[PDB]
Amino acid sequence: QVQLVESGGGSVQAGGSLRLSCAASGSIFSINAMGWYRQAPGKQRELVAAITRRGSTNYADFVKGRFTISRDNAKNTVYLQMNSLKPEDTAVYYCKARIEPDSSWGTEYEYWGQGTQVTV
């Protein structure tokens, strides 16, 4: 069983610097990319920031060099440092990950986290 554990998040005003983290656990053969999506009430789920095992990163058009995604391969964890927050950033941040689990080497499945409230 693969699970995704989230931490971080909360309330902040304009500016500020909230830090998220998400960690994969269980029978994992490889984590190909971890990252974060955001769902703002009424609109669709949007990608915030992605990061691969070897360190490639990708950011959405609305994060203009304010957020910084990191990885810890040992701790199988991913971190999102988000500074210069805005009212429009308020949303629920779901962790997302592509994992090949132990059972299925070569087949990869998408795994999601429960979500984190981030209010600005």
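Don't overthink the numbering: it's just position in the shown sequence, from 1.
Per-stretch averaging of Cα B factors for 10-18 and 98-106 places 10-18 on top. As recorded in the PDB entry, 81-89 is the stretch of 81-89 and 22-30 with the greater mean C-alpha temperature factor. Looking only at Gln44, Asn58, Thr52, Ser70, the residue with the top Cα B factor in the deposited structure is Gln44. Sort the chain's modelled residues by C-alpha temperature factor and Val118 lands in the highest third, per the entry.
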